[PDB]
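K.L.:
Take a look at the following structure, please.
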Amino acid sequence: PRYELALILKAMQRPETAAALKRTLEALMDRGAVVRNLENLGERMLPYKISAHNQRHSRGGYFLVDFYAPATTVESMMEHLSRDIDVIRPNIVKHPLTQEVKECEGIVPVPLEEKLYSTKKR
Amino acid sequence: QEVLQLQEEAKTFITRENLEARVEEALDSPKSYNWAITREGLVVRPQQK
Amino acid sequence: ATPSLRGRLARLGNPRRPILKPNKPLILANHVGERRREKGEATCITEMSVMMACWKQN
Amino acid sequence: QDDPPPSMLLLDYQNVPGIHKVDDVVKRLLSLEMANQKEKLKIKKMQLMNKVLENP
Amino acid sequence: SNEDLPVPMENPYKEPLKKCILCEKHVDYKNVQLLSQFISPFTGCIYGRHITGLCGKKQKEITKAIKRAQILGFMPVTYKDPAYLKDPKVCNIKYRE
Amino acid sequence: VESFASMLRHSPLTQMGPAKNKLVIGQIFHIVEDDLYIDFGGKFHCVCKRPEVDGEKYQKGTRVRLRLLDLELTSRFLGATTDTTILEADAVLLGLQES
Amino acid sequence: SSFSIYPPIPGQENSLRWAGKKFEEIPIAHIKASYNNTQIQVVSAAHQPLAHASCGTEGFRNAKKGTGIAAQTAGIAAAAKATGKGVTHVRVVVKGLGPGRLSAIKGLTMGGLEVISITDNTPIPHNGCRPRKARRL
Amino acid sequence: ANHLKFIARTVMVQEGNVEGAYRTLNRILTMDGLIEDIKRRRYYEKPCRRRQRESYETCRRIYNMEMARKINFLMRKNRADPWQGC
RNA sequence: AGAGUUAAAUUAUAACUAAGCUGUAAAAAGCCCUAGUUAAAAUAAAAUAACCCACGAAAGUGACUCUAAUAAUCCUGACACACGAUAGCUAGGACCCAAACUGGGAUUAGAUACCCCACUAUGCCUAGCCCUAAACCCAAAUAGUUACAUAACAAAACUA
Ligand SMILES: [Mg+2]
Ligand SMILES: [Mg+2]
Ligand SMILES: [Mg+2]
Ligand SMILES: [Mg+2]
Ligand SMILES: [Mg+2]
Ligand SMILES: [Mg+2]
Ligand SMILES: [Mg+2]
Ligand SMILES: [Mg+2]
Ligand SMILES: [Mg+2]
Ligand SMILES: [Mg+2]
Ligand SMILES: [Mg+2]
Ligand SMILES: [Mg+2]
Ligand SMILES: [Mg+2]
Ligand SMILES: [Mg+2]
Ligand SMILES: [Mg+2]
Ligand SMILES: [Mg+2]
Ligand SMILES: [Mg+2]
Ligand SMILES: [Mg+2]
Ligand SMILES: [Mg+2]
Ligand SMILES: [Zn+2]
């Protein structure tokens, strides 16, 4: 997976939410995207009140869209999602599953530094 | 191995047809990425609630 | 644990630039310091204010 | 200015067998379409070293 | 021709190296629980190494993750989310004495 | 005749390897009020506190059981050329020579 | 006895009442403690001002009103005017780090008023506006 | 401001004793440096002054740490001496 | 280097409530179109992490996201070429807050200072200049050695 779209949607009923998700996904496929998956993180009360589109929002729905897109297009998508009034806040991140975990082999302990000063007898 | 891997993954992707279905499906199944650790280096998961 | 001393000070070998500029050399002295006597503050001020309110009233 | 075509199927995936039999989608994810800029640079490097040189 | 002389082998007794609680885990900005473990409940501050006790790599990772999750709107900045208060305490700080 | 190498290879201290967490037998050659100065036979004596259970059973010449932590307590400190020897060993007094 | 230092989140079922009210329904005593002065205002949970007392309101003057004695006096005065409007309990919010912090708090206690929670909200910029220059160049 | 009120930097008083509660609070704030930062931000400190302060503080910490370490390492030998008047 | 974004403050601005608020070692002057609480754009700046020691040639760089990207099969080398903190200059835009200047208030023998209040150039953005710093880690670059050997102090001594 290449990009990860973190989507925070206005908290709404079933049909309208499905609607927004649909037109958003379409909007993605239109900029040339291939959508791998859609996940739902549920609706929660937001960490802090978010002001967007002349509305101050308390709650919201959370979604992940993993997808492949040409490098060029991210900006484009962003623009779109900015002017959508049903989106509380967009973000697009290089997918966490592209970066792979190197091995902590342990903690190499650091010896106390030596020869910082001369052998002078005070 | 990589080409065949993606060959398999590709079967699952969302397309113009799968749109309504996969959307209505994902609306039904909340997932959590949440987990905690213990001082021992052990993973603790919430789903046991 | 002690904050690392590696690559911190300016030395002829060291590749990078100084982090710590020690005022006096870091060497453990053979004595410690003398405890700093506590700064005194006014005592009984609460009971005083109570008494002064009592007086102003009566 | 040269043009390393959007479908050109990036350098590491060109010599793996039976690639062209794969469906359009996977072929597209391995295209210079979904690629980085550094991929186009790998390709350009290869093409140039082949055009110009004797022993690539 | 003495066979009782020592052999130039590496140390057999040498212990394994100790590990950050997270050595070969994956820190993800998306999970607010693991992150808010390393935050001060009352303030929302991020604890340092001397507190969390991590390899530099993982202290970095936790930090970057926390910041990202904070601005993307996953996790609150000024306090630990109450929901996560009673989770396991891995940090070495004692406020109440 | 025995080569020094031969002796060293087979000696009980060589057999022990790393001195951490080792069960050792040691003898009390000196006493101060609560302090038992114990020669366990390696190099330095260790010093243990007299336990509350059977306190008077510990006397000069008594034998005891120890858990050895460190053969010699030593560390290097800020701005020093060599380490700092406490001229002791580090041990835990378990009980006395169950027999 | 299980006692949590942490307060009662609103969405929780948690039952604790002071004179029957929820933690949220309790009035709030705002104490602004600044180096030259201390202001106290008791307010409804609905943010309707009940009572106002300050070290200036209390008839001190310039330097004098900085001190902790003055803060205590203002705290007592505030608690009086507030209990006059019948507030039994209060949640303290302390804004600022100054001479009159603790004095004004226990001056609220001394003034016949009950403190349940004590919060510190002190402005802490994560680097906003540059503050004025240091004294003694 | 946009966060929920009363969840942070808040202590509940126990059994009506306010002084101990405030003490707990102040210990919290001091623990997290919040007090030192409140105090330091009253006047602007120019970046080089800051840099200097940080370097000095770290040196100080290194020395204190190391001294406390030699203290606790040497603490055993404070016992009454065996060989007195040898 | 681009483009997009904003958590904590702060402020225009209302709504209640209070007559004071601000300011010092202490006051005065200032402000009461003020103050506390509840609402809030723009602007600017980037707590904690950082007890870390990374990136860049240096200057520099530590809120978030993405795009682009960190010369040389790696000796030295200019007056040639390209950069270069802060301040400063030109033109347009921004202005929360800070603040040379200046005007008030104290202080003082004086006070064209230190302390207090107010406000400006300026700090910010775009484009172009200017080319200096205790631009100092006062330690040239590249390879090495720990041999001989302490002017003093400091960051030990040396070879090519
Ligand atoms: Mg460098
Ligand atoms: Mg000096
Ligand atoms: Mg000067
Ligand atoms: Mg620009
Ligand atoms: Mg804000
Ligand atoms: Mg404006
Ligand atoms: Mg006046
Ligand atoms: Mg910040
Ligand atoms: Mg290079
Ligand atoms: Mg050269
Ligand atoms: Mg310049
Ligand atoms: Mg201009
Ligand atoms: Mg201006
Ligand atoms: Mg000013
Ligand atoms: Mg004047
Ligand atoms: Mg300029
Ligand atoms: Mg410099
Ligand atoms: Mg020079
Ligand atoms: Mg040179
Ligand atoms: Zn690790």
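Chains: A, B, ... in order of the structure tokens. Residues: from 1 per chain. Ligands: from 1, in order shown.
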Just need the residues of chain A within 9 Å of chain E, counting only C-alpha atoms, so spit them out as a list in words.

P.N.:
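Listing them in order of chain and number gives residues 6, 8, 46, 47, 48, 50, 62, 89, 90, 91, 96, 100, 101, 102, 103, 104, 105, 106, 107, 108 and 109 of chain A.
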
K.L.:
If you count only C-alpha atoms (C1' of nucleotides), which residues fall within 12 Å of residue 20 (chain G), apart from same-chain ones fewer than 5 positions away, as a PyMOL selection string?

P.N.:
chain G and resi 15+25-26+88-89

K.L.:
In Å to one decimal, how far is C1' of residue 42 (chain I) from atom 1 (Mg, counted along the ligand's line) of ligand 6?

P.N.:
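Computing the Euclidean distance for atom 1 (Mg, counted along the ligand's line) of ligand 6 and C1' of residue 42 (chain I) yields 6.1 Å.
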
K.L.:
Could you list, as JSON, numbers by chain, the residues of chain I having an atom within 6 Å of chain G when counting only C-alpha atoms (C1' of nucleotides)?

P.N.:
{"I": [8, 9, 17, 45, 46, 47, 97, 98]}

K.L.:
Residues contacting ligand 12 - anything with an atom at most 9 Å away, using only C-alpha atoms (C1' of nucleotides) and all ligand atoms - can you give me those as a VMD selection string?

P.N.:
chain I and resid 90 to 93

K.L.:
Show me which residues line ligand 16, defined as having an atom within 10 Å of a ligand atom where only C-alpha atoms (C1' of nucleotides) and all ligand atoms count, and present them as a PDB file with N, CA, C and O atoms (P, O5', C5', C4', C3', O3' and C1' of nucleotides), in the first residue's frame.

P.N.:
ATOM      1  P     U I  86      19.335  36.174   9.646  1.00  0.00           P
ATOM      2  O5'   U I  86      19.840  36.878  10.978  1.00  0.00           O
ATOM      3  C5'   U I  86      19.021  37.799  11.665  1.00  0.00           C
ATOM      4  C4'   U I  86      19.853  38.792  12.421  1.00  0.00           C
ATOM      5  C3'   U I  86      19.673  40.225  11.992  1.00  0.00           C
ATOM      6  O3'   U I  86      18.504  40.798  12.521  1.00  0.00           O
ATOM      7  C1'   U I  86      21.962  39.769  12.190  1.00  0.00           C
ATOM      8  P     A I  87      17.471  41.487  11.514  1.00  0.00           P
ATOM      9  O5'   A I  87      18.098  42.929  11.306  1.00  0.00           O
ATOM     10  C5'   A I  87      18.473  43.685  12.438  1.00  0.00           C
ATOM     11  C4'   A I  87      19.614  44.601  12.122  1.00  0.00           C
ATOM     12  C3'   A I  87      19.378  45.576  10.993  1.00  0.00           C
ATOM     13  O3'   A I  87      18.595  46.683  11.393  1.00  0.00           O
ATOM     14  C1'   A I  87      21.512  44.598  10.764  1.00  0.00           C
ATOM     15  P     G I  88      17.304  47.098  10.533  1.00  0.00           P
ATOM     16  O5'   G I  88      17.925  47.855   9.275  1.00  0.00           O
ATOM     17  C5'   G I  88      18.981  48.784   9.453  1.00  0.00           C
ATOM     18  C4'   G I  88      19.765  49.014   8.185  1.00  0.00           C
ATOM     19  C3'   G I  88      18.962  49.239   6.919  1.00  0.00           C
ATOM     20  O3'   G I  88      18.425  50.546   6.847  1.00  0.00           O
ATOM     21  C1'   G I  88      20.770  47.782   6.470  1.00  0.00           C
ATOM     22  P     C I  89      16.977  50.779   6.201  1.00  0.00           P
ATOM     23  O5'   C I  89      17.284  50.835   4.641  1.00  0.00           O
ATOM     24  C5'   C I  89      18.289  51.697   4.131  1.00  0.00           C
ATOM     25  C4'   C I  89      18.515  51.464   2.660  1.00  0.00           C
ATOM     26  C3'   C I  89      17.258  51.352   1.808  1.00  0.00           C
ATOM     27  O3'   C I  89      16.730  52.618   1.452  1.00  0.00           O
ATOM     28  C1'   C I  89      18.742  49.582   1.282  1.00  0.00           C
ATOM     29  P     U I 122      10.609  49.624   7.687  1.00  0.00           P
ATOM     30  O5'   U I 122      11.387  48.689   8.715  1.00  0.00           O
ATOM     31  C5'   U I 122      12.806  48.585   8.703  1.00  0.00           C
ATOM     32  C4'   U I 122      13.274  47.669   9.806  1.00  0.00           C
ATOM     33  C3'   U I 122      12.668  46.274   9.796  1.00  0.00           C
ATOM     34  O3'   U I 122      13.330  45.391   8.902  1.00  0.00           O
ATOM     35  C1'   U I 122      12.471  47.185  11.961  1.00  0.00           C
ATOM     36  P     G I 123      12.537  44.182   8.194  1.00  0.00           P
ATOM     37  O5'   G I 123      12.355  43.114   9.363  1.00  0.00           O
ATOM     38  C5'   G I 123      13.479  42.460   9.936  1.00  0.00           C
ATOM     39  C4'   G I 123      13.094  41.683  11.168  1.00  0.00           C
ATOM     40  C3'   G I 123      12.085  40.558  10.975  1.00  0.00           C
ATOM     41  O3'   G I 123      12.717  39.351  10.571  1.00  0.00           O
ATOM     42  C1'   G I 123      11.526  41.869  12.890  1.00  0.00           C
ATOM     43  P     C I 124      12.508  38.736   9.102  1.00  0.00           P
ATOM     44  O5'   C I 124      10.929  38.575   8.992  1.00  0.00           O
ATOM     45  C5'   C I 124      10.260  37.595   9.766  1.00  0.00           C
ATOM     46  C4'   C I 124       8.838  37.398   9.306  1.00  0.00           C
ATOM     47  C3'   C I 124       8.630  37.227   7.808  1.00  0.00           C
ATOM     48  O3'   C I 124       8.853  35.892   7.377  1.00  0.00           O
ATOM     49  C1'   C I 124       7.089  38.809   8.653  1.00  0.00           C
TER      50        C I 124
END

K.L.:
Please identify all protein, DNA and RNA residues within 10 Å of ligand 4, counting only C-alpha atoms (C1' of nucleotides) and all ligand atoms, and report them as a PyMOL selection string.

P.N.:
chain I and resi 1-3+125-126

K.L.:
Kindly determine which residues of chain E lie within 6 Å of chain B, considering only C-alpha atoms, and give the answer as number ranges by chain.

P.N.:
E: 21, 31, 33-34, 90

K.L.:
With N, CA, C and O atoms kept, could you save the residues just selected as a short mmCIF file (atom, residue, chain, number, x, y, z; two decimals), in the first residue's frame?

P.N.:
data_model
loop_
_atom_site.label_atom_id
_atom_site.label_comp_id
_atom_site.auth_asym_id
_atom_site.auth_seq_id
_atom_site.Cartn_x
_atom_site.Cartn_y
_atom_site.Cartn_z
N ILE E 21 11.26 -1.48 25.23
CA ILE E 21 10.01 -2.21 25.34
C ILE E 21 9.46 -2.50 23.95
O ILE E 21 8.80 -3.51 23.71
N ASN E 31 -2.88 4.52 16.30
CA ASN E 31 -3.32 3.99 17.59
C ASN E 31 -2.90 4.91 18.74
O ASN E 31 -1.73 5.05 19.09
N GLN E 33 -3.76 4.77 21.90
CA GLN E 33 -3.54 4.10 23.18
C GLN E 33 -2.04 3.96 23.55
O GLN E 33 -1.57 4.50 24.57
N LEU E 34 -1.31 3.25 22.68
CA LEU E 34 0.13 3.03 22.86
C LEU E 34 0.85 4.34 23.02
O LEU E 34 1.73 4.48 23.88
N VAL E 90 3.66 2.01 32.10
CA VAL E 90 5.03 1.61 31.80
C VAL E 90 6.10 2.64 32.22
O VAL E 90 7.26 2.29 32.44
#

K.L.:
Determine, for each residue of chain H having at least one atom at most 7 Å from an atom of chain G, the closest pair of atoms and their separation in Å to one decimal, counting only C-alpha atoms; order by chain and ascending number, as CSV.

P.N.:
residue,atom,partner,partner_atom,distance
H:6,CA,G:119,CA,6.8
H:7,CA,G:7,CA,6.6
H:9,CA,G:120,CA,5.4
H:10,CA,G:119,CA,4.1
H:11,CA,G:5,CA,5.3
H:12,CA,G:117,CA,4.2
H:13,CA,G:116,CA,5.4
H:38,CA,G:124,CA,6.8
H:41,CA,G:131,CA,6.8
H:42,CA,G:131,CA,6.6
H:43,CA,G:134,CA,5.2
H:44,CA,G:131,CA,5.1

K.L.:
Generate the output file for the selected residues, N, CA and C atoms, as a tab-separated table (two decimals), in the first residue's frame.

P.N.:
chain	number	residue	atom	x	y	z
H	6	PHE	N	-11.32	21.30	32.36
H	6	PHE	CA	-11.31	20.57	33.63
H	6	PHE	C	-10.72	19.17	33.59
H	7	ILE	N	-10.29	18.70	32.42
H	7	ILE	CA	-9.63	17.38	32.34
H	7	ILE	C	-8.11	17.41	32.62
H	9	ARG	N	-4.38	19.35	34.20
H	9	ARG	CA	-3.81	20.13	35.30
H	9	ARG	C	-4.84	20.29	36.41
H	10	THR	N	-5.67	19.27	36.61
H	10	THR	CA	-6.71	19.36	37.62
H	10	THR	C	-6.52	18.28	38.68
H	11	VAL	N	-6.66	18.71	39.93
H	11	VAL	CA	-6.60	17.81	41.07
H	11	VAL	C	-7.91	17.95	41.85
H	12	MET	N	-8.45	16.82	42.30
H	12	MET	CA	-9.62	16.79	43.18
H	12	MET	C	-9.16	16.78	44.65
H	13	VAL	N	-9.74	17.63	45.50
H	13	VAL	CA	-9.36	17.64	46.92
H	13	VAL	C	-9.92	16.40	47.62
H	38	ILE	N	6.83	28.70	32.82
H	38	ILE	CA	5.99	29.87	33.13
H	38	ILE	C	6.87	31.05	33.53
H	41	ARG	N	9.25	32.47	30.67
H	41	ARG	CA	8.55	33.13	29.58
H	41	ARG	C	8.03	34.50	29.98
H	42	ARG	N	8.30	34.92	31.21
H	42	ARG	CA	7.86	36.25	31.61
H	42	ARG	C	8.66	37.30	30.85
H	43	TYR	N	9.94	37.01	30.63
H	43	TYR	CA	10.79	37.85	29.79
H	43	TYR	C	11.37	37.02	28.66
H	44	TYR	N	11.52	37.63	27.49
H	44	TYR	CA	12.13	36.92	26.37
H	44	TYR	C	13.59	36.66	26.63

K.L.:
Find the residues in chain H near chain C: any atom within 9 Å counts, using only C-alpha atoms. Write them as a ChimeraX atom specification.

P.N.:
/H:52,54-56,58-59,61-63,65-67

K.L.:
Compute the chain F side of the contact with chain A at 12 Å, counting only C-alpha atoms, and hand it back as a list in words.

P.N.:
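That gives residues 75, 76, 77, 78, 79, 80, 81, 82 and 83 of chain F for chain F.
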
K.L.:
Please extract the residues of region 3-137 of chain G with a backbone DSSP assignment of strand (DSSP E or B) and present them as a PyMOL selection string.

P.N.:
chain G and resi 18+21+28-34+37-43+49-54+89-95+114-120+133

K.L.:
Once you count only C-alpha atoms (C1' of nucleotides) and all ligand atoms, which residues end up within 9 Å of ligand 5, and could you hand them over as JSON, numbers by chain?

P.N.:
{"H": [1, 2], "I": [6, 7, 8, 9, 10]}

K.L.:
Output C-alpha atoms (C1' of nucleotides) for every residue in the selection just made, as a PDB file, in the first residue's frame.

P.N.:
ATOM      1  CA  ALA H   1      -9.316  26.474  24.545  1.00  0.00           C
ATOM      2  CA  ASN H   2     -10.630  24.048  21.949  1.00  0.00           C
TER       3      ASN H   2
ATOM      4  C1'   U I   6      -2.664  24.407  12.762  1.00  0.00           C
ATOM      5  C1'   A I   7      -2.466  22.492  18.555  1.00  0.00           C
ATOM      6  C1'   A I   8      -1.100  26.112  22.445  1.00  0.00           C
ATOM      7  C1'   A I   9      -1.255  31.113  23.201  1.00  0.00           C
ATOM      8  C1'   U I  10      -2.594  36.197  21.571  1.00  0.00           C
TER       9        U I  10
END

K.L.:
As a list in words, please: every residue in chain C that DSSP puts in alpha helix (DSSP H).

P.N.:
residues 45, 46, 47, 48, 49, 50, 51, 52, 53, 54, 55, 56 and 57 of chain C

K.L.:
Nearest residue to residue 44 (chain D) out of D:16, D:25, D:30, D:10, using only C-alpha atoms?

P.N.:
D:10

K.L.:
Residues within 8 Å of ligand 9 should be enumerated using only C-alpha atoms (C1' of nucleotides) and all ligand atoms and returned as a list in words.

P.N.:
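Listing the residues within 8 Å of ligand 9 gives residues 70, 71 and 72 of chain I.
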
K.L.:
Produce a file of the selected residues containing N, CA, C and O atoms (P, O5', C5', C4', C3', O3' and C1' of nucleotides), as a PDB file, in the first residue's frame.

P.N.:
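Dumped everything to part.pdb:
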ATOM      1  P     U I  70      20.001  13.840  -5.000  1.00  0.00           P
ATOM      2  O5'   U I  70      20.826  14.496  -3.799  1.00  0.00           O
ATOM      3  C5'   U I  70      21.787  15.523  -4.014  1.00  0.00           C
ATOM      4  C4'   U I  70      22.321  16.053  -2.707  1.00  0.00           C
ATOM      5  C3'   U I  70      23.139  15.071  -1.881  1.00  0.00           C
ATOM      6  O3'   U I  70      24.511  15.103  -2.238  1.00  0.00           O
ATOM      7  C1'   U I  70      21.534  16.190  -0.501  1.00  0.00           C
ATOM      8  P     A I  71      25.133  14.057  -3.286  1.00  0.00           P
ATOM      9  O5'   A I  71      25.937  14.977  -4.306  1.00  0.00           O
ATOM     10  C5'   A I  71      25.398  15.325  -5.573  1.00  0.00           C
ATOM     11  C4'   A I  71      26.501  15.642  -6.548  1.00  0.00           C
ATOM     12  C3'   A I  71      27.604  14.595  -6.652  1.00  0.00           C
ATOM     13  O3'   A I  71      27.264  13.506  -7.503  1.00  0.00           O
ATOM     14  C1'   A I  71      28.574  16.745  -6.428  1.00  0.00           C
ATOM     15  P     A I  72      27.903  12.041  -7.276  1.00  0.00           P
ATOM     16  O5'   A I  72      29.468  12.234  -7.514  1.00  0.00           O
ATOM     17  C5'   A I  72      30.006  12.361  -8.822  1.00  0.00           C
ATOM     18  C4'   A I  72      31.500  12.561  -8.773  1.00  0.00           C
ATOM     19  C3'   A I  72      32.284  11.474  -8.045  1.00  0.00           C
ATOM     20  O3'   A I  72      32.592  10.358  -8.867  1.00  0.00           O
ATOM     21  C1'   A I  72      32.921  13.586  -7.202  1.00  0.00           C
TER      22        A I  72
END
